[PDB]
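Q: Sending over final33.cif (mmCIF, C-alpha atoms and all ligand atoms).
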```cif
data_run
#
loop_
_atom_site.group_PDB
_atom_site.id
_atom_site.type_symbol
_atom_site.label_atom_id
_atom_site.label_comp_id
_atom_site.auth_asym_id
_atom_site.auth_seq_id
_atom_site.Cartn_x
_atom_site.Cartn_y
_atom_site.Cartn_z
ATOM 1 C CA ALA A 1 14.081 -5.255 13.484
ATOM 2 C CA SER A 2 11.136 -7.102 15.046
ATOM 3 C CA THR A 3 8.626 -6.059 12.397
ATOM 4 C CA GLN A 4 6.378 -9.014 11.591
ATOM 5 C CA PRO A 5 4.214 -8.232 8.505
ATOM 6 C CA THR A 6 0.477 -8.519 9.155
ATOM 7 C CA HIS A 7 0.006 -9.210 5.445
ATOM 8 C CA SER A 8 2.352 -11.023 3.064
ATOM 9 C CA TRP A 9 3.039 -8.417 0.373
ATOM 10 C CA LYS A 10 5.353 -8.634 -2.639
ATOM 11 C CA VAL A 11 6.921 -6.129 -5.045
ATOM 12 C CA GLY A 12 4.868 -5.600 -8.191
ATOM 13 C CA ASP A 13 1.532 -6.519 -6.637
ATOM 14 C CA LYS A 14 -1.755 -4.611 -6.595
ATOM 15 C CA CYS A 15 -3.207 -3.436 -3.271
ATOM 16 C CA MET A 16 -5.569 -0.850 -1.750
ATOM 17 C CA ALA A 17 -3.682 1.824 0.184
ATOM 18 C CA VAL A 18 -5.392 4.347 2.456
ATOM 19 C CA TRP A 19 -4.762 7.880 1.156
ATOM 20 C CA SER A 20 -3.328 10.060 3.937
ATOM 21 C CA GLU A 21 -5.171 13.081 2.504
ATOM 22 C CA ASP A 22 -8.760 11.876 2.063
ATOM 23 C CA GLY A 23 -8.637 8.765 4.237
ATOM 24 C CA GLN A 24 -10.197 6.512 1.613
ATOM 25 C CA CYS A 25 -8.642 3.376 0.122
ATOM 26 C CA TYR A 26 -7.615 3.685 -3.538
ATOM 27 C CA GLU A 27 -5.944 1.154 -5.861
ATOM 28 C CA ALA A 28 -2.144 1.288 -5.649
ATOM 29 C CA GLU A 29 0.791 -0.830 -6.799
ATOM 30 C CA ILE A 30 3.739 -1.720 -4.569
ATOM 31 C CA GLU A 31 6.951 -0.292 -6.021
ATOM 32 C CA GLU A 32 9.206 -1.005 -3.033
ATOM 33 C CA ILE A 33 8.911 -2.796 0.322
ATOM 34 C CA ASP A 34 10.776 -1.750 3.461
ATOM 35 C CA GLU A 35 10.409 -4.604 5.964
ATOM 36 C CA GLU A 36 12.633 -2.683 8.400
ATOM 37 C CA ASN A 37 9.850 -0.197 9.188
ATOM 38 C CA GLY A 38 7.031 -2.415 7.934
ATOM 39 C CA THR A 39 6.137 0.112 5.271
ATOM 40 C CA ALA A 40 5.840 0.015 1.493
ATOM 41 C CA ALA A 41 6.143 2.671 -1.198
ATOM 42 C CA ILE A 42 2.978 2.384 -3.277
ATOM 43 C CA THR A 43 1.869 4.244 -6.404
ATOM 44 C CA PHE A 44 -1.850 4.793 -6.964
ATOM 45 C CA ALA A 45 -2.839 3.583 -10.436
ATOM 46 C CA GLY A 46 -4.375 6.216 -12.694
ATOM 47 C CA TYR A 47 -3.427 9.104 -10.414
ATOM 48 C CA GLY A 48 0.342 8.825 -10.092
ATOM 49 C CA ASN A 49 0.514 9.604 -6.377
ATOM 50 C CA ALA A 50 3.190 7.717 -4.427
ATOM 51 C CA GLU A 51 3.430 7.535 -0.632
ATOM 52 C CA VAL A 52 5.092 5.329 1.994
ATOM 53 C CA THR A 53 2.318 3.577 3.923
ATOM 54 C CA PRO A 54 2.557 0.668 6.447
ATOM 55 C CA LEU A 55 1.529 -2.873 5.490
ATOM 56 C CA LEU A 56 -1.387 -2.573 7.935
ATOM 57 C CA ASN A 57 -2.983 0.113 5.755
ATOM 58 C CA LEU A 58 -2.548 -2.036 2.658
ATOM 59 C CA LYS A 59 -5.764 -3.948 2.013
ATOM 60 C CA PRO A 60 -6.207 -6.788 -0.533
ATOM 61 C CA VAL A 61 -7.917 -5.974 -3.830
ATOM 62 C CA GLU A 62 -11.280 -7.643 -3.267
ATOM 63 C CA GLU A 63 -12.824 -8.050 -6.708
ATOM 64 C CA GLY A 64 -14.715 -11.247 -5.939
HETATM 65 N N1 LIG B 1 -2.454 13.900 -7.794
HETATM 66 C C1 LIG B 1 -3.565 13.271 -7.430
HETATM 67 N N2 LIG B 1 -3.641 12.162 -6.700
HETATM 68 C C2 LIG B 1 -4.883 11.690 -6.451
HETATM 69 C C3 LIG B 1 -5.063 10.565 -5.723
HETATM 70 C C4 LIG B 1 -6.330 10.003 -5.414
HETATM 71 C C5 LIG B 1 -6.411 8.823 -4.642
HETATM 72 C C6 LIG B 1 -5.257 8.193 -4.160
HETATM 73 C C7 LIG B 1 -3.994 8.738 -4.458
HETATM 74 N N3 LIG B 1 -3.958 9.927 -5.241
HETATM 75 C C8 LIG B 1 -5.851 12.448 -7.004
HETATM 76 S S1 LIG B 1 -5.124 13.734 -7.826
#
```
What does the file become when written as structure tokens?
A:
Amino acid sequence: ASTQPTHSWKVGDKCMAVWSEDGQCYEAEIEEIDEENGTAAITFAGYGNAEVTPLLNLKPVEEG
């Protein structure tokens, strides 16, 4: 509705989602983006865990 993304994310991009179980940020790939709720279904690479987390929890992959 009035959800203005805090971070410009796209489908098929790598990000760092905050695991709702441990609370730490692991590497995850965006499979789907729901701008209606401001959330995005991400899948942690290597693990296989997929959860719907907001775009505010999605941090950029800082490798440099
Ligand atoms: N099934 C499993 N998932 C994880 C995991 C770890 C970090 C982030 C997401 N998932 C570990 S074992």
Q: What is the atom CA of residue 1 of chain A to atom CA of residue 20 of chain A distance in Å?
A: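 For atom CA of residue 1 of chain A relative to atom CA of residue 20 of chain A, the distance reads 25.1 Å.
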Q: To test your reading of the syntax: which residues would the PyMOL selection byres (((chain A and resi 39) around 9) and not hetatm) return for the file shown? Reply as a ChimeraX atom specification.
A: /A:32-38,40-41,52-56
Q: Can you list, as a list in words, every protein, DNA or RNA residue that comes within 12 Å of residue 23 of chain A when you count all atoms listed in the file, leaving out same-chain residues fewer than 6 positions away?
A: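 Answer for this query is residues 16, 17 and 57 of chain A.
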Q: For residue 63 of chain A, work out the shell of residues within 12 Å, counting only C-alpha atoms and skipping chain neighbours fewer than 3 positions away, then give it as a ChimeraX atom specification.
A: /A:14-16,27,59-60
Q: Considering all atoms listed in the file, state which residue in the set A:42, A:30, A:50, A:61 is at the smallest distance from residue 10 of chain A.
A: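 The shortest atom-to-atom distance to residue 10 of chain A comes from A:30.
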Q: Write out, as a tab-separated table, each residue of chain A that has an atom at most 7 Å from ligand LIG 1 (chain B), together with the closest pair of atoms and their distance in Å to one decimal, counting all atoms listed in the file, rows going by chain and rising number.
A:
```
residue	atom	partner	partner_atom	distance
A:19	CA	B:LIG1	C6	5.3
A:26	CA	B:LIG1	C6	5.1
A:44	CA	B:LIG1	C7	5.1
A:47	CA	B:LIG1	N2	4.8
A:48	CA	B:LIG1	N2	6.2
A:49	CA	B:LIG1	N3	4.6
```
Q: What separation in Å, quoted to one decimal, exists between atom CA of residue 12 of chain A and atom CA of residue 45 of chain A?
A: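 Calculated distance between atom CA of residue 12 of chain A and atom CA of residue 45 of chain A is 12.2 Å.
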Q: Taking all atoms listed in the file into account, which of A:11, A:58, A:18, A:28 comes nearest residue 43 of chain A?
A: A:28
Q: Rank A:13, A:8, A:3, A:62 by their smallest atom-to-atom distance to residue 25 of chain A, using only C-alpha atoms, and report the top residue only.
A: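 Closest residue, counting only C-alpha atoms: A:62.
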Q: Where atoms are absent from segment 20-51 of chain A, fill them in so it carries N, CA and C atoms, then output it as a short mmCIF file (atom, residue, chain, number, x, y, z; two decimals), keeping the file's coordinate frame.
A:
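Final output, saved to result.cif:
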```cif
data_model
loop_
_atom_site.label_atom_id
_atom_site.label_comp_id
_atom_site.auth_asym_id
_atom_site.auth_seq_id
_atom_site.Cartn_x
_atom_site.Cartn_y
_atom_site.Cartn_z
N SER A 20 -3.53 9.27 2.72
CA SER A 20 -3.33 10.06 3.94
C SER A 20 -4.01 11.43 3.86
N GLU A 21 -4.52 11.79 2.68
CA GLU A 21 -5.17 13.08 2.50
C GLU A 21 -6.69 12.99 2.67
N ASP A 22 -7.31 12.03 1.99
CA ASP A 22 -8.76 11.88 2.06
C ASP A 22 -9.16 10.85 3.12
N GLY A 23 -8.35 9.80 3.26
CA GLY A 23 -8.64 8.76 4.24
C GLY A 23 -9.32 7.56 3.62
N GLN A 24 -9.55 7.61 2.32
CA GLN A 24 -10.20 6.51 1.61
C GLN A 24 -9.15 5.58 1.00
N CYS A 25 -9.55 4.36 0.70
CA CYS A 25 -8.64 3.38 0.12
C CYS A 25 -8.75 3.34 -1.40
N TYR A 26 -7.66 3.69 -2.08
CA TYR A 26 -7.62 3.68 -3.54
C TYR A 26 -6.67 2.58 -4.02
N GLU A 27 -6.79 2.21 -5.30
CA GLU A 27 -5.94 1.15 -5.86
C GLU A 27 -4.52 1.66 -6.07
N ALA A 28 -3.55 0.92 -5.53
CA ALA A 28 -2.14 1.29 -5.65
C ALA A 28 -1.27 0.06 -5.87
N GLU A 29 -0.14 0.26 -6.53
CA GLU A 29 0.79 -0.83 -6.80
C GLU A 29 2.07 -0.66 -5.99
N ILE A 30 2.53 -1.74 -5.38
CA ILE A 30 3.74 -1.72 -4.57
C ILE A 30 4.99 -1.61 -5.44
N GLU A 31 5.73 -0.52 -5.26
CA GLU A 31 6.95 -0.29 -6.02
C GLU A 31 8.17 -0.76 -5.23
N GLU A 32 8.11 -0.61 -3.91
CA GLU A 32 9.21 -1.00 -3.03
C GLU A 32 8.68 -1.38 -1.65
N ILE A 33 9.32 -2.35 -1.01
CA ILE A 33 8.91 -2.80 0.32
C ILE A 33 10.05 -2.68 1.33
N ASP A 34 9.80 -1.93 2.40
CA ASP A 34 10.78 -1.75 3.46
C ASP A 34 10.31 -2.51 4.70
N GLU A 35 10.79 -3.75 4.84
CA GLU A 35 10.41 -4.60 5.96
C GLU A 35 11.01 -4.13 7.29
N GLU A 36 11.98 -3.22 7.21
CA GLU A 36 12.63 -2.68 8.40
C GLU A 36 11.65 -1.84 9.22
N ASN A 37 10.84 -1.04 8.53
CA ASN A 37 9.85 -0.20 9.19
C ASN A 37 8.44 -0.77 9.02
N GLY A 38 8.32 -1.80 8.18
CA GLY A 38 7.03 -2.42 7.93
C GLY A 38 6.17 -1.57 7.03
N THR A 39 6.83 -0.77 6.20
CA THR A 39 6.14 0.11 5.27
C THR A 39 6.42 -0.28 3.83
N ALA A 40 5.67 0.31 2.91
CA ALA A 40 5.84 0.02 1.49
C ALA A 40 5.46 1.21 0.63
N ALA A 41 6.36 1.56 -0.28
CA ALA A 41 6.14 2.67 -1.20
C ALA A 41 5.21 2.24 -2.32
N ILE A 42 3.98 2.74 -2.27
CA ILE A 42 2.98 2.38 -3.28
C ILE A 42 2.66 3.56 -4.20
N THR A 43 2.24 3.24 -5.42
CA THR A 43 1.87 4.24 -6.40
C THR A 43 0.45 3.99 -6.89
N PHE A 44 -0.45 4.91 -6.57
CA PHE A 44 -1.85 4.79 -6.96
C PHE A 44 -1.99 4.79 -8.48
N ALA A 45 -2.64 3.74 -9.00
CA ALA A 45 -2.84 3.58 -10.44
C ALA A 45 -3.86 4.58 -10.98
N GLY A 46 -3.49 5.24 -12.08
CA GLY A 46 -4.38 6.22 -12.69
C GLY A 46 -4.09 7.64 -12.24
N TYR A 47 -3.72 7.79 -10.97
CA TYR A 47 -3.43 9.10 -10.41
C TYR A 47 -1.95 9.45 -10.56
N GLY A 48 -1.09 8.59 -10.02
CA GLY A 48 0.34 8.82 -10.09
C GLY A 48 0.93 9.24 -8.75
N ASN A 49 0.09 9.23 -7.72
CA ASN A 49 0.51 9.60 -6.38
C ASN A 49 1.24 8.45 -5.70
N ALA A 50 2.40 8.74 -5.11
CA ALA A 50 3.19 7.72 -4.43
C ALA A 50 3.51 8.13 -2.99
N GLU A 51 3.17 7.26 -2.04
CA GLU A 51 3.43 7.54 -0.63
C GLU A 51 3.86 6.27 0.11
#
```
